[PDB]
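The block underneath contains the structure these notes are about, expressed in structure tokens.
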Amino acid sequence: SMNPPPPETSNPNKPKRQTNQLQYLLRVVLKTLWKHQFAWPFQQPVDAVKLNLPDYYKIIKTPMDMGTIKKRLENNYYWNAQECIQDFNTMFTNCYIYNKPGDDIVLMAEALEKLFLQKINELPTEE
Ligand SMILES: Cc1ccc(CN(C)c2cc(C)nc3ncnn23)cc1
């Protein structure tokens, strides 16, 4: 029933880059999903205590959220775009694992994920 530590957003010994793909992931992909009407549930780690979801972190062992992704991108935590893309996919997947088809939160995830997919479809070539 307790919350875990959040995912890491800082690790000074992890090597870092700011690729044109990673910039796109911040300026286009994150910005698009962040501003969306359905962004709010996904803008920070799931608070299992406040939300009374005592089994959340029994089920979800790789938590992820856009608050975490936003800090990662802004703090240049990644080496490549695929790390970040995986973070987004992990976020959507967790929601689908924990919840049921047609739940409100699932329809929100789905709307954000459709947009995610449309933006990632135009990820620029690595320059
Ligand atoms: C429509 C809706 C439904 C549930 C919540 C609670 N909350 C912030 C989240 C957020 C996320 C991302 N997954 C969740 N799985 C169950 N609750 N929950 C917020 C909004």
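Ordering of the structure tokens sets the chain letters (A, B, ...); residue numbers start at 1 within each chain; ligands are numbered from 1 in the order shown.
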Q: Collect all residues with atoms no farther than 6 Å from ligand 1, counting only C-alpha atoms and all ligand atoms, and output them as a list in words.
A: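 I would give the residues around ligand 1 as residues 41, 42, 46, 95, 98, 99, 104 and 105 of chain A.
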**Q.** residue 86 in chain A environment, 12 Å, only C-alpha atoms, sequence neighbours closer than 2 positions dropped, as a list in words
**A.** residues 25, 62, 63, 64, 65, 69, 78, 80, 81, 82, 83, 84, 88, 89, 90, 91, 92, 93, 94, 116 and 120 of chain A
Q. Can you list, as a ChimeraX atom specification, every protein, DNA or RNA residue that comes within 12 Å of residue 126 in chain A when you count only C-alpha atoms, leaving out same-chain residues fewer than 3 positions away?
A. /A:18-24,80-82,122-123
Q.
Which residue is closest to residue 17 in chain A? Choose from A:121, A:108, A:73, A:115 and count only C-alpha atoms.
A.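 Looking at the shortest contact to residue 17 in chain A, the residue is A:73.
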Q) So which residues touch residue 77 in chain A within 8 Å, counting only C-alpha atoms, skipping near sequence neighbours fewer than 6 positions away, as an MDAnalysis selection string? A) chainID A and resid 9:11 14 16:17
Q: Measure the distance from CA of residue 76 in chain A to CA of residue 7 in chain A in Å and round it to one decimal.
A: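 Interatomic distance here is 15.0 Å.
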Q: Taking the DSSP assignment computed from this structure's backbone, write out as a PyMOL selection string all residues of chain A that belong to alpha helix (DSSP H).
A: chain A and resi 20-24+31-34+56-59+66-74+81-98+104-120
Q: Tell me, as a ChimeraX atom specification, which residues lie within 6 Å of residue 43 in chain A, counting only C-alpha atoms; anything in the same chain fewer than 2 positions away does not count.
A: /A:40-41,66-67
Output C-alpha atoms for every residue in that selection, as a PDB file, in the first residue's frame.
ATOM      1  CA  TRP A  40      -3.140  15.129 -15.839  1.00  0.00           C
ATOM      2  CA  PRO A  41      -3.291  11.497 -14.482  1.00  0.00           C
ATOM      3  CA  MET A  66       5.452  11.875 -18.025  1.00  0.00           C
ATOM      4  CA  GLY A  67       6.593  13.882 -14.955  1.00  0.00           C
TER       5      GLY A  67
END
Q: Counting only C-alpha atoms, figure out which residue out of A:87, A:127, A:74, A:47 gets nearest to residue 6 in chain A.
A: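 Answer, going by the shortest atom-to-atom distance: A:47.
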Q | CA of residue 37 in chain A to CA of residue 119 in chain A, distance in Å rounded to a single decimal | A |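 Interatomic distance, CA of residue 37 in chain A to CA of residue 119 in chain A: 17.3 Å.
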Q: Could you check which of A:70, A:5, A:107, A:96 is closest to residue 34 in chain A, using only C-alpha atoms?
A: A:70
Q.
Just to confirm, what's the straight-line distance from CA of residue 114 in chain A to CA of residue 55 in chain A in Å (one decimal)?
A.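 If I compute the distance from CA of residue 114 in chain A to CA of residue 55 in chain A, I get 27.8 Å.
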